[PDB]
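Chemist: Pasting in a structure now, in structure tokens, and then I'll have a few things to ask.
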Amino acid sequence: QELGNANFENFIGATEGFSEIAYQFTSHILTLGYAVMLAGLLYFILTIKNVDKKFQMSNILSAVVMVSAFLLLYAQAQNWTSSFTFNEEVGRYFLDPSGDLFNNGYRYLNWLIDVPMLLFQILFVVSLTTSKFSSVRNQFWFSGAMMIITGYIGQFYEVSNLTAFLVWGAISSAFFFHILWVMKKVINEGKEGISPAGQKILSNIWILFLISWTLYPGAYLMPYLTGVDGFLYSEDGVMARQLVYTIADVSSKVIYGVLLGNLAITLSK
Amino acid sequence: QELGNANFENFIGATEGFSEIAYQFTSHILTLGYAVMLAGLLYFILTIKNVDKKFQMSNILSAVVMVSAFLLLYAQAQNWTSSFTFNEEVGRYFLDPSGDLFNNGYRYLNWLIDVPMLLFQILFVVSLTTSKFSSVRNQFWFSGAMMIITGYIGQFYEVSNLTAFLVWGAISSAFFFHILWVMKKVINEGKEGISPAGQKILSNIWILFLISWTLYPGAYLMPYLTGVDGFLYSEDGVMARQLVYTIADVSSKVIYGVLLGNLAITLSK
Amino acid sequence: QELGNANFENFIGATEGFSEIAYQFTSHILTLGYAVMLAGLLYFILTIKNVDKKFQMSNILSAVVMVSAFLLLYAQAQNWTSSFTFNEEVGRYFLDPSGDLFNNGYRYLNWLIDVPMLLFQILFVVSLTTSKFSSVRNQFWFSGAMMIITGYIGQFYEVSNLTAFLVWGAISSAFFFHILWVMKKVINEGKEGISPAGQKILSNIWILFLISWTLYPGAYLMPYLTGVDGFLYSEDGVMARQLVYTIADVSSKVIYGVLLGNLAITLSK
Amino acid sequence: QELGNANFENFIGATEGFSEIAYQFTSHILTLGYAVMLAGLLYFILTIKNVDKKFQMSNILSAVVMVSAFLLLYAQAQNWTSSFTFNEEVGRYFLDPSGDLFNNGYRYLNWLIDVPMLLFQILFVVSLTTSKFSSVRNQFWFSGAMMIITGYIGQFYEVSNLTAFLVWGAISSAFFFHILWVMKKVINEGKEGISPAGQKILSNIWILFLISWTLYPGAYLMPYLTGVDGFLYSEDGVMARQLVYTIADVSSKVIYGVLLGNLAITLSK
Amino acid sequence: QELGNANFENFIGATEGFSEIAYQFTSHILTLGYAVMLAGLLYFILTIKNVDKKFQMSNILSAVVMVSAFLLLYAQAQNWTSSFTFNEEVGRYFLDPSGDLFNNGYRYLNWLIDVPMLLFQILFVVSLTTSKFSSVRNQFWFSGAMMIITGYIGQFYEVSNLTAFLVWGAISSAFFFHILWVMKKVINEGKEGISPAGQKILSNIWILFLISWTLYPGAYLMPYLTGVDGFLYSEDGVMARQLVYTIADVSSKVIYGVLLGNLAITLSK
Ligand SMILES: *C/C=C(C)/C=C/C=C(C)/C=C/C1=C(C)CCCC1(C)C
Ligand SMILES: *C/C=C(C)/C=C/C=C(C)/C=C/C1=C(C)CCCC1(C)C
Ligand SMILES: *C/C=C(C)/C=C/C=C(C)/C=C/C1=C(C)CCCC1(C)C
Ligand SMILES: *C/C=C(C)/C=C/C=C(C)/C=C/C1=C(C)CCCC1(C)C
Ligand SMILES: *C/C=C(C)/C=C/C=C(C)/C=C/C1=C(C)CCCC1(C)C
Ligand SMILES: CCCCCCCCCCCCCCCCCCCC
Ligand SMILES: CCCCCCCCCCCCCCCCCCCC
Ligand SMILES: CCCCCCCCCCCCCCCCCCCC
Ligand code: NA
Ligand code: NA
Ligand code: NA
Ligand code: NA
Ligand code: NA
Ligand code: NA
Ligand code: NA
Ligand code: NA
Ligand code: NA
Ligand code: NA
């Protein structure tokens, strides 16, 4: 069967197929995904009047990220259940082409608009010292865009052309390190001037950001983390990838937003 | 027909099939389920300004539980009507594999995020005495997560492997008793310092929590409560399970939230 | 073909079929149904600040009834259009089993949660004299629940077993008369102490309640009001039943809520 | 093929079929329809605090009309795209009976709840002189209901029985002239006492009301405005009818509501 | 295969078909489209109280544009995924007529209502000097309507009749230049009287307006920008057109609205 430049999920579903657990779990973890985002949207809106007017822009941007996140992640959950149908004879879910091939593209475009907002909102809670607001913002937005775009191109060849997949992934990584660098500066300059309590939170925010954001490139390689024809190049790798994405999404957006809200309250008078 | 690690609902629907009453009732009870959650969401939002600012976090967390509860339970209602199609010849609903196998997973992931919030919101209304806030919270969140996760794994083998089903159920029960223990402490310490009216409510909250939360493990075993090839291992057991879940969900979330709101008002000045 | 314990709508659609008018009208009247409930929801929310804080609980409960009413009635409207497909040869809509059998169950569960709220909200506008608040509430909630449950069971046998259908209907009627009795007391005690204007409204509320609530049992018997093989035991009876339900729903919930709001304004200072 | 008492759209789609333009345009104009209503809903809600409390009831009723309008007009849109499928051989859209026959009913019952509200809201902005509020209201509500009901019956025979179609249309027209009469009185009495600016607006409101409301009966006859086997008794007549309805709906509800809001501001202090 | 007066997307999908990348990308860019509009809607509503009451009409009109923009663009996204189904044998997406032919009409009607509001909202932030408010408004609204309508007619013949396609496109362009002319005047008169900061923003708004609005006519010709049987008259041209539309939509509505909000704040006291 000819699939072309398709995600590895389609190859597993078209050959081996998915077990009740593998299929159901992937459905539940994606469903929990968009559910958390709508729950977060309601939280950030109902807690806007809990911080000084100057910090409220942080809750608004968190809400903006939640909305778009809910829609894209919701569409993704529907794309999964639509691309795989149960086979009575063997008792496994196989690729149903009539429902379109499954693609992690809806999530990559969710990042495109999110990344910029997530990096931008912290600049409304913390105060830079030697770095210019506009300068930091422009760096985040540029590197952020190039990181997502390059990665979006590579994920299409994660099976059809392993070379292109890694080359683009590498280029993407370049911009990722630059973002980590700028964010590190923002955290340091942010700690200067605030109470020890605020510093404690910024320290936790940096750890959360570092770990949660690293999970994404991990999910990108998931199918090859145990080498070609490895343990992860199966339905196990599919479950792992979608699970990691969900954990990363909740941590990088919802939890990240809650911590910023807590810091905003700490600095509020 | 090969189903594998699927819920017992699929086995009844694939062999005996469901009667108009059995199928329709299950559809109505699941529909009423998500309907109540959206009605509750509107109630908790419209009554936020009825309690002092310090207690408002309780209404917000109730609203958060309602939202996710509406989405997951809605999907669960669709997972039912889609998995069973009517057969004109015999006049019963049989497993329609094209609509995917029915799984009580969506409800298990709803708990995962709910359990933590439900246990945490009471800590914004009552005041601990001989227990540390962070300590109690960490215990609830840990045991709560382990309880749901372990149970989620077991429910997949409720037919394929009765042994694994019970072992996991038992492990889950362990964490459940620990939660009941901590909650009992919270209630007692909560009663100390408040008016007799507030104590009266906390007493009712403890009874509600004890009964409603016990229903879940009951629904877990529902198909075997009358032993293998028993009265409950039929469409009657399916109706019973989904009914008990719905009663438990409404009691543990909506009614539990209303009582907390009433207590918040009682302590409001 | 054996339909079993199914509503009479399915028997008409499976034998005679439905004409363009019969089918279209039923679709339009059910569509208008959920449309009115969402319109009402918006009205009760936008008019909350039009009455004293003590009466606002009435608008909130009206809103709660609207929400659930919209969801259940929206589903009921889908249960119709899905259960009947057009036959080109004869030019009539016949039972399409793939879309499930049509059941007035979604509406019965909508009452289960509504009835309690509708009877309870009037206790926030009027002031009892010799009757205890808790006492009246408990009677409404108990008789209300037993009335709906018993009726829900009977409607399943409206064709399969005419005897069971009437027996349950009769038992249900018992609790209905008890509710009418308690409501009559509440109205009388409510009139005592308020202005002639307020009394005028309570008089209208009693008439509305009496007529609108009586329509339900009428819709229950609709198919046999002209005896077996009568004029109403046709597509005409189907249209009549769904029409009566819609009229009853709009009157008992929306109009009832508007009058309570007008009374609240009359008593507001 | 037997269609029976069906709208003429079905006859054109079942015989000649629809061209890409005819089908696409009808879809676009109906889509724009419900889109405008949801846009209007947001406008009337966000501008409520722009007028004195006494006039705010006008914005609320406009919002009520928008909601219902959005739901019914959305359904009407779906009814279209579902009833006609593309034929590859000939390259035209033909009647797809599996999607139900297309009916302009959803739009008629929409007028049933709208008409009364649209005629009633103007009574909260203008002040009657010699006419009684209750009197005018009762006339609008009665004639309004009889006008819609009679018309709703006739539209079912616009093809099957041209005689019944015209008779009902005529009866409907009777109540329409009575409404125009009462509205004319309301406008005149409304002009007395208000500023020249307010009078200027009421003059515009009367012209808008006169033209927009006249379009409906025009859309009713659309298929026979060029006589039987005429230019309009084709896909051209279908486009014309749905276009006229959309123009009428936007003018009679959205624009009408905006003008009433502007008048409210003019009289606001 | 006979398509008639259909968009070129259908001809590519009916002959060559679409690759996984071409199809998936178009789906992602359209999905991101409606997602951004709902995110913008939430932003404009949550920031209304950030500007003086006199400028708030700008946020309201932005919100109005977002709503209708979300619904239409959502409908446009669905029109895509439904019109093209995957072929297992060749591994490409081909025209699925059962899902209707794809038409960029839903986007042309979104402009019809947007264009007027987008041109009108700037008149609530800036102050004209020698130009009359009513005069400018009437010109925008007239030329705006004629521009969209004429273009909407031409796009139907972008393949069937290249002559009609260009003629209408040309006529449309005429009204486009007139709009650019009037907008230029508004910007100039707007700069007079405001601070250098406000002027800086209006300068950016003019550049954004000029570029973003020019993209639309570019997307209109996209398939012929490399001449007939050119590089762009392929799936590459389809991706390019939908991408350009998405960039134009986000820039002309969301970004344009954000800049107006920033200017409103700059002039706010
Ligand atoms: C809420 C969305 C977030 C935080 C998205 C983050 C995305 C990344 C950090 C992506 C990084 C990637 C690489 C560094 C290489 C491989 C491709 C990417 C895009 C997954
Ligand atoms: C609103 C959701 C709630 C209250 C969820 C509660 C879940 C439980 C109490 C689950 C308990 C279980 C056991 C003790 C053993 C069997 C497996 C479980 C998870 C059902
Ligand atoms: C908004 C929902 C309302 C007011 C529901 C009311 C329901 C009843 C009054 C039901 C009564 C019935 C009987 C008295 C006998 C037959 C069965 C019932 C449940 C229809
Ligand atoms: C927003 C809805 C409105 C303004 C509806 C108005 C409806 C009419 C004016 C209907 C009039 C009719 C006739 C005068 C004769 C033919 C049948 C009708 C109902 C279309
Ligand atoms: C948010 C919607 C906007 C800004 C829409 C703008 C539309 C145009 C500028 C359209 C212009 C066109 C021409 C100048 C010629 C070809 C046809 C059009 C309509 C695409
Ligand atoms: C303060 C709260 C106390 C409320 C008391 C009564 C209200 C609860 C109503 C629920 C009762 C329903 C029980 C159903 C009985 C089983 C029916 C079987 C068919 C005969
Ligand atoms: C002010 C509250 C009282 C309102 C009474 C005024 C009239 C409004 C209700 C009109 C009801 C119309 C129902 C039509 C009757 C049946 C139609 C027969 C079809 C020819
Ligand atoms: C005071 C403002 C007056 C204008 C507002 C009303 C807007 C409606 C404009 C009427 C034009 C509709 C005609 C549509 C033509 C369709 C072809 C009809 C064939 C008989
Ligand atoms: Na997003
Ligand atoms: Na599936
Ligand atoms: Na939940
Ligand atoms: Na089904
Ligand atoms: Na309800
Ligand atoms: Na149907
Ligand atoms: Na309406
Ligand atoms: Na179609
Ligand atoms: Na729009
Ligand atoms: Na597709």
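Just so we're on the same page: first chain in the structure tokens is A, next is B, and so on; residues restart at 1 for each chain, and ligands are numbered from 1 in the order they show up.
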Which of range 57-112 of chain B counts as strand (DSSP E or B) under DSSP, as a ChimeraX atom specification please?
Modeler: /B:84-87,92-95
Chemist: Find the residues around residue 151 in chain C up to 9 Å (only C-alpha atoms counted), leave out those fewer than 3 positions away in its own chain, and share them as a PDB file with C-alpha atoms, in the first residue's frame.
Modeler:
ATOM      1  CA  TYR C 108     -38.423  12.169  30.450  1.00  0.00           C
ATOM      2  CA  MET C 146     -41.538   9.074  41.712  1.00  0.00           C
ATOM      3  CA  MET C 147     -43.917  10.709  39.129  1.00  0.00           C
ATOM      4  CA  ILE C 148     -41.181  10.907  36.385  1.00  0.00           C
ATOM      5  CA  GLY C 154     -44.741   2.934  31.454  1.00  0.00           C
ATOM      6  CA  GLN C 155     -43.895   4.821  28.187  1.00  0.00           C
ATOM      7  CA  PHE C 165     -48.565   1.324  30.339  1.00  0.00           C
ATOM      8  CA  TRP C 168     -47.636   2.875  35.745  1.00  0.00           C
ATOM      9  CA  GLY C 169     -49.427   5.952  34.270  1.00  0.00           C
ATOM     10  CA  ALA C 170     -52.026   5.645  37.099  1.00  0.00           C
ATOM     11  CA  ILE C 171     -49.352   5.285  39.877  1.00  0.00           C
ATOM     12  CA  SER C 172     -47.558   8.348  38.341  1.00  0.00           C
ATOM     13  CA  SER C 173     -50.900  10.319  38.374  1.00  0.00           C
ATOM     14  CA  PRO C 217     -50.082  13.119  30.834  1.00  0.00           C
ATOM     15  CA  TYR C 220     -48.569  10.228  27.282  1.00  0.00           C
TER      16      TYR C 220
END
Chemist: For ligand 7, list the contacting residues at 12 Å or closer, counting only C-alpha atoms and all ligand atoms, as JSON, numbers by chain.
Modeler: {"C": [201, 204, 208, 247, 255, 258, 259], "D": [112, 113, 115, 116, 117, 120, 133, 134, 135, 136, 137, 138, 139, 140, 141, 142, 143, 144, 145, 146, 147, 148, 149, 150, 151, 152, 153, 154, 168, 171, 172, 175]}
Chemist: Hey, can you spit out that residue selection with N, CA, C and O atoms as a short mmCIF file (atom, residue, chain, number, x, y, z; two decimals), in the first residue's frame?
Modeler:
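Writing done, so here's result-v4.cif:
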data_model
loop_
_atom_site.label_atom_id
_atom_site.label_comp_id
_atom_site.auth_asym_id
_atom_site.auth_seq_id
_atom_site.Cartn_x
_atom_site.Cartn_y
_atom_site.Cartn_z
N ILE C 201 -50.56 37.96 39.74
CA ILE C 201 -49.51 37.17 39.04
C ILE C 201 -49.54 35.71 39.53
O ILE C 201 -49.56 34.81 38.67
N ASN C 204 -52.25 33.78 37.99
CA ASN C 204 -51.89 33.45 36.59
C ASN C 204 -50.91 32.27 36.59
O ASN C 204 -51.06 31.36 35.75
N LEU C 208 -51.42 28.65 34.74
CA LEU C 208 -50.35 28.23 33.80
C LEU C 208 -49.83 26.85 34.22
O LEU C 208 -49.78 25.95 33.36
N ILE C 247 -45.45 22.71 23.42
CA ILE C 247 -46.32 23.75 24.04
C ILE C 247 -46.14 23.69 25.56
O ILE C 247 -45.95 24.75 26.19
N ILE C 255 -42.19 30.47 30.09
CA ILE C 255 -43.28 31.41 30.49
C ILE C 255 -43.41 31.41 32.02
O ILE C 255 -43.56 32.51 32.59
N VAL C 258 -40.61 33.48 33.42
CA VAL C 258 -40.84 34.92 33.09
C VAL C 258 -41.80 35.52 34.13
O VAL C 258 -41.50 36.62 34.64
N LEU C 259 -42.90 34.82 34.43
CA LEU C 259 -43.93 35.26 35.41
C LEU C 259 -43.29 35.38 36.80
O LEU C 259 -43.57 36.39 37.47
N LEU D 112 -42.23 32.68 14.02
CA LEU D 112 -43.31 32.46 15.02
C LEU D 112 -42.91 33.08 16.37
O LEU D 112 -43.77 33.75 16.97
N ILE D 113 -41.67 32.88 16.82
CA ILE D 113 -41.16 33.40 18.12
C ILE D 113 -40.54 34.78 17.90
O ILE D 113 -40.59 35.61 18.83
N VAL D 115 -41.25 37.36 15.20
CA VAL D 115 -42.33 38.35 14.91
C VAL D 115 -42.85 38.97 16.21
O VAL D 115 -42.78 40.18 16.38
N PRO D 116 -43.37 38.16 17.15
CA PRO D 116 -43.91 38.70 18.41
C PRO D 116 -42.91 39.60 19.16
O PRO D 116 -43.31 40.65 19.62
N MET D 117 -41.65 39.16 19.25
CA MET D 117 -40.55 39.88 19.96
C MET D 117 -40.20 41.18 19.23
O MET D 117 -40.07 42.22 19.91
N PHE D 120 -42.85 43.72 19.71
CA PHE D 120 -42.97 44.00 21.16
C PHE D 120 -41.84 44.91 21.66
O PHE D 120 -42.11 45.77 22.52
N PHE D 133 -50.84 50.11 25.80
CA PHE D 133 -49.68 49.19 25.63
C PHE D 133 -50.18 47.76 25.43
O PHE D 133 -49.89 47.16 24.37
N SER D 134 -50.92 47.23 26.41
CA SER D 134 -51.49 45.86 26.44
C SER D 134 -52.31 45.60 25.16
O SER D 134 -52.16 44.51 24.58
N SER D 135 -53.13 46.56 24.76
CA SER D 135 -54.02 46.48 23.56
C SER D 135 -53.18 46.24 22.30
O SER D 135 -53.42 45.23 21.61
N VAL D 136 -52.23 47.14 22.02
CA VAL D 136 -51.32 47.08 20.83
C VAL D 136 -50.58 45.74 20.84
O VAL D 136 -50.59 45.06 19.79
N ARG D 137 -49.98 45.39 21.97
CA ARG D 137 -49.21 44.13 22.17
C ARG D 137 -50.05 42.92 21.76
O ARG D 137 -49.57 42.13 20.92
N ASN D 138 -51.25 42.79 22.33
CA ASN D 138 -52.19 41.66 22.09
C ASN D 138 -52.52 41.56 20.60
O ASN D 138 -52.60 40.42 20.09
N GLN D 139 -52.71 42.70 19.92
CA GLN D 139 -53.05 42.74 18.47
C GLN D 139 -51.87 42.19 17.67
O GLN D 139 -52.09 41.29 16.83
N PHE D 140 -50.66 42.70 17.91
CA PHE D 140 -49.40 42.26 17.23
C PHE D 140 -49.23 40.75 17.38
O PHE D 140 -49.08 40.04 16.36
N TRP D 141 -49.25 40.28 18.63
CA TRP D 141 -49.04 38.86 19.04
C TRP D 141 -50.06 37.93 18.37
O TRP D 141 -49.65 36.86 17.89
N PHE D 142 -51.34 38.32 18.34
CA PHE D 142 -52.44 37.52 17.74
C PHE D 142 -52.27 37.47 16.22
O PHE D 142 -52.07 36.37 15.67
N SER D 143 -52.36 38.63 15.55
CA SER D 143 -52.23 38.76 14.08
C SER D 143 -50.90 38.17 13.61
O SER D 143 -50.88 37.51 12.56
N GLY D 144 -49.83 38.41 14.38
CA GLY D 144 -48.48 37.89 14.09
C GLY D 144 -48.48 36.37 14.02
O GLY D 144 -47.94 35.82 13.04
N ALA D 145 -49.07 35.72 15.02
CA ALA D 145 -49.17 34.24 15.15
C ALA D 145 -50.01 33.68 13.99
O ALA D 145 -49.53 32.74 13.33
N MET D 146 -51.20 34.24 13.77
CA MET D 146 -52.15 33.80 12.71
C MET D 146 -51.51 33.95 11.33
O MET D 146 -51.75 33.09 10.46
N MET D 147 -50.73 35.02 11.13
CA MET D 147 -50.03 35.33 9.85
C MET D 147 -49.03 34.21 9.52
O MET D 147 -49.06 33.69 8.39
N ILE D 148 -48.18 33.86 10.50
CA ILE D 148 -47.11 32.82 10.37
C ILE D 148 -47.76 31.44 10.19
O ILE D 148 -47.42 30.76 9.20
N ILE D 149 -48.65 31.05 11.10
CA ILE D 149 -49.34 29.73 11.08
C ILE D 149 -50.00 29.49 9.71
O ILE D 149 -49.68 28.46 9.09
N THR D 150 -50.87 30.40 9.26
CA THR D 150 -51.60 30.29 7.97
C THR D 150 -50.60 30.13 6.82
O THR D 150 -50.81 29.23 5.98
N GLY D 151 -49.55 30.96 6.80
CA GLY D 151 -48.49 30.93 5.77
C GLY D 151 -47.74 29.61 5.79
O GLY D 151 -47.45 29.07 4.69
N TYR D 152 -47.43 29.10 6.98
CA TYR D 152 -46.69 27.83 7.22
C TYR D 152 -47.44 26.67 6.55
O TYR D 152 -46.78 25.78 5.99
N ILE D 153 -48.77 26.70 6.63
CA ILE D 153 -49.68 25.65 6.06
C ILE D 153 -49.65 25.73 4.53
O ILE D 153 -49.54 24.67 3.89
N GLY D 154 -49.74 26.94 3.98
CA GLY D 154 -49.79 27.19 2.52
C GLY D 154 -48.52 26.77 1.80
O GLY D 154 -48.65 26.19 0.71
N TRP D 168 -54.48 30.31 1.55
CA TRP D 168 -53.76 30.50 2.84
C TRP D 168 -52.91 31.78 2.77
O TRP D 168 -52.95 32.56 3.74
N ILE D 171 -55.27 34.75 3.20
CA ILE D 171 -55.71 34.82 4.63
C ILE D 171 -54.57 35.44 5.45
O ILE D 171 -54.83 36.38 6.22
N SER D 172 -53.35 34.92 5.27
CA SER D 172 -52.11 35.39 5.95
C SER D 172 -51.97 36.90 5.71
O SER D 172 -51.79 37.64 6.70
N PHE D 175 -53.95 39.41 7.98
CA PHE D 175 -53.32 39.67 9.30
C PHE D 175 -52.09 40.57 9.13
O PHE D 175 -51.79 41.36 10.05
#
Chemist: 10 Å from ligand 11 is the threshold here; counting only C-alpha atoms and all ligand atoms, which polymer residues fall inside it? Answer as an mmCIF file with N, CA and C atoms, in the first residue's frame.
Modeler:
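Heads up, here's the output in part_36.cif:
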data_model
loop_
_atom_site.group_PDB
_atom_site.id
_atom_site.type_symbol
_atom_site.label_atom_id
_atom_site.label_comp_id
_atom_site.auth_asym_id
_atom_site.auth_seq_id
_atom_site.Cartn_x
_atom_site.Cartn_y
_atom_site.Cartn_z
ATOM 1 N N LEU A 32 -8.504 13.843 26.805
ATOM 2 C CA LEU A 32 -8.084 14.510 28.065
ATOM 3 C C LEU A 32 -7.339 15.803 27.710
ATOM 4 N N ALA A 35 -9.719 18.649 26.712
ATOM 5 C CA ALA A 35 -10.573 18.814 27.912
ATOM 6 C C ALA A 35 -9.862 19.729 28.916
ATOM 7 N N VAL A 36 -8.567 19.491 29.136
ATOM 8 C CA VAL A 36 -7.711 20.263 30.086
ATOM 9 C C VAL A 36 -7.622 21.720 29.618
ATOM 10 N N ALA A 39 -10.785 23.652 30.334
ATOM 11 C CA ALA A 39 -10.826 23.792 31.807
ATOM 12 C C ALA A 39 -9.881 24.926 32.215
ATOM 13 N N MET B 37 -23.870 18.299 34.215
ATOM 14 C CA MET B 37 -22.521 18.909 34.362
ATOM 15 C C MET B 37 -22.516 20.333 33.790
ATOM 16 N N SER B 62 -14.861 23.938 41.078
ATOM 17 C CA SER B 62 -16.117 23.197 40.783
ATOM 18 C C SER B 62 -16.435 23.364 39.293
ATOM 19 N N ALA B 63 -16.343 24.600 38.794
ATOM 20 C CA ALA B 63 -16.589 24.974 37.383
ATOM 21 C C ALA B 63 -15.596 24.225 36.489
ATOM 22 N N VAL B 64 -14.324 24.185 36.894
ATOM 23 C CA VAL B 64 -13.224 23.497 36.155
ATOM 24 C C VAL B 64 -13.589 22.015 35.999
ATOM 25 N N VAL B 65 -14.071 21.394 37.078
ATOM 26 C CA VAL B 65 -14.476 19.957 37.120
ATOM 27 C C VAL B 65 -15.669 19.743 36.178
ATOM 28 N N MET B 66 -16.654 20.646 36.214
ATOM 29 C CA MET B 66 -17.887 20.581 35.381
ATOM 30 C C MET B 66 -17.508 20.546 33.895
ATOM 31 N N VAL B 67 -16.745 21.543 33.430
ATOM 32 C CA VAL B 67 -16.306 21.700 32.009
ATOM 33 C C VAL B 67 -15.787 20.356 31.488
ATOM 34 N N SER B 68 -14.622 19.920 31.977
ATOM 35 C CA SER B 68 -13.953 18.651 31.591
ATOM 36 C C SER B 68 -14.944 17.487 31.705
ATOM 37 N N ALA B 69 -15.738 17.470 32.781
ATOM 38 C CA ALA B 69 -16.751 16.432 33.084
ATOM 39 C C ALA B 69 -17.797 16.382 31.964
ATOM 40 N N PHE B 70 -18.152 17.543 31.407
ATOM 41 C CA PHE B 70 -19.141 17.694 30.308
ATOM 42 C C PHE B 70 -18.573 17.115 29.008
ATOM 43 N N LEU B 71 -17.326 17.470 28.683
ATOM 44 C CA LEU B 71 -16.627 17.036 27.443
ATOM 45 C C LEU B 71 -16.408 15.518 27.462
ATOM 46 N N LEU B 72 -15.708 14.994 28.475
ATOM 47 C CA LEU B 72 -15.390 13.544 28.597
ATOM 48 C C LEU B 72 -16.682 12.717 28.614
ATOM 49 N N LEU B 73 -17.647 13.081 29.466
ATOM 50 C CA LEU B 73 -18.928 12.339 29.621
ATOM 51 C C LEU B 73 -19.735 12.408 28.319
ATOM 52 N N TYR B 106 -12.724 7.043 28.801
ATOM 53 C CA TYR B 106 -13.028 8.499 28.774
ATOM 54 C C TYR B 106 -13.418 8.972 30.180
ATOM 55 N N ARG B 107 -14.159 8.137 30.915
ATOM 56 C CA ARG B 107 -14.659 8.436 32.284
ATOM 57 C C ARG B 107 -13.505 8.339 33.291
ATOM 58 N N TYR B 108 -12.564 7.420 33.058
ATOM 59 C CA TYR B 108 -11.383 7.167 33.927
ATOM 60 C C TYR B 108 -10.403 8.342 33.847
ATOM 61 N N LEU B 109 -10.248 8.946 32.664
ATOM 62 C CA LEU B 109 -9.338 10.105 32.457
ATOM 63 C C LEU B 109 -9.997 11.364 33.028
ATOM 64 N N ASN B 110 -11.333 11.412 33.023
ATOM 65 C CA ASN B 110 -12.119 12.534 33.598
ATOM 66 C C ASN B 110 -11.830 12.577 35.102
ATOM 67 N N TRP B 111 -11.793 11.405 35.745
ATOM 68 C CA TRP B 111 -11.496 11.248 37.192
ATOM 69 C C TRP B 111 -10.072 11.745 37.468
ATOM 70 N N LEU B 112 -9.104 11.245 36.695
ATOM 71 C CA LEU B 112 -7.656 11.563 36.822
ATOM 72 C C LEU B 112 -7.468 13.042 37.179
ATOM 73 N N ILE B 113 -8.072 13.948 36.403
ATOM 74 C CA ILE B 113 -7.938 15.426 36.575
ATOM 75 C C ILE B 113 -8.933 15.926 37.632
ATOM 76 N N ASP B 114 -10.117 15.313 37.718
ATOM 77 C CA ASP B 114 -11.180 15.698 38.685
ATOM 78 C C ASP B 114 -10.709 15.401 40.114
ATOM 79 N N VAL B 115 -10.507 14.120 40.439
ATOM 80 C CA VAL B 115 -10.089 13.631 41.788
ATOM 81 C C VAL B 115 -9.173 14.657 42.452
ATOM 82 N N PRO B 116 -8.050 15.045 41.809
ATOM 83 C CA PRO B 116 -7.129 16.018 42.397
ATOM 84 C C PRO B 116 -7.799 17.347 42.782
ATOM 85 N N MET B 117 -8.632 17.896 41.890
ATOM 86 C CA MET B 117 -9.337 19.195 42.073
ATOM 87 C C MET B 117 -10.390 19.077 43.184
ATOM 88 N N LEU B 118 -11.196 18.010 43.162
ATOM 89 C CA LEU B 118 -12.296 17.754 44.135
ATOM 90 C C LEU B 118 -11.741 17.683 45.563
ATOM 91 N N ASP B 249 -21.169 10.267 39.766
ATOM 92 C CA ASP B 249 -20.649 11.494 39.104
ATOM 93 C C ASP B 249 -21.413 12.731 39.592
ATOM 94 N N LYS B 253 -19.527 15.325 42.369
ATOM 95 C CA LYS B 253 -19.064 16.560 41.753
ATOM 96 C C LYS B 253 -20.052 17.706 41.959
#
Chemist: Using only C-alpha atoms, find which residues of chain D lie within 8 Å of chain E and jot them down as a PyMOL selection string.
Modeler: chain D and resi 19-21+24-25+28-29+31-32+35-36+38-40+42-43+46+85-91
Chemist: Rounded to one decimal in Å, what is the spacing between CA of residue 125 in chain E and CA of residue 198 in chain E?
Modeler: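 Those two atoms sit 10.4 Å apart.
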Chemist: May I ask for the distance between CA of residue 197 in chain B and CA of residue 132 in chain C, given in Å to one decimal place?
Modeler: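 Separating CA of residue 197 in chain B from CA of residue 132 in chain C is a distance of 18.6 Å.
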